[PDB]
């Protein structure tokens, strides 16, 4: 179409500039990776996955029968960092709320030995989980690049990960976050709150009406008093500017 690549690049860069952060959004169309934003060198740098790891945590737990999709993880009655976590929920509900405590219970059921083997088997990021089964995705040592995250999303969107088809479909059902004029957006957000600087992620794919799937990964620096929803807003504006939604 008739908009120049120079104009697309400038527009998407301006979304990051206007949020007063530094970031990149990687788009994959077929095999071709396109990098946009205001800090392109972030594309092959390593960051903690933070809550984007919930996608893989869920695959591993379901594959290894550590939970079912209808199982209700009970709230233990203790005060949580966020009040909306103070309730009983399924893995899918916990995905949408990014309820760390539920996914920490799942990681503990899986256990360190099995978790390390599965993370190696999938070859996710730097593949190192260290010795602490319940926080390795939050504070290190596990790290991943935005290129690696968009390639993970590409794999999951096309059922190419080494898990059963049914497992992948169950996790994909948990990730629907927006529907825009016949396009569906499947994604998981991430916010590394226990690292400095703090990393923000939104990793997923657009499923267009025609069936084509376009993976993406947004990566940026989360700064003092930014809203979580800036990740979503920059992402939707960028995908809209490119005509993907």
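Numbering follows the first chain given and starts at 1.
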Output the stretch having the higher mean C-alpha B factor in the entry; the candidates are 47-55 and 211-219. 211-219
For the higher mean C-alpha B factor in the entry, choose 10-18 or 221-229. 221-229
Whose CA atom has the top B-factor in the entry, of 168, 81, 98, 110? 81
Could you place residue 202 in the lowest, middle or highest third of its chain by Cα temperature factor, using the values in the record? lowest
Residue 125: which third of its chain by C-alpha temperature factor? middle
For residue 163, the third of its chain into which the C-alpha B factor falls: highest
Chain-relative C-alpha B factor for residue 183 (record values, thirds): the highest
Report the third (lowest, middle or highest) to which the CA temperature factor of residue 196 belongs, ranking only the modelled residues of the same chain. highest
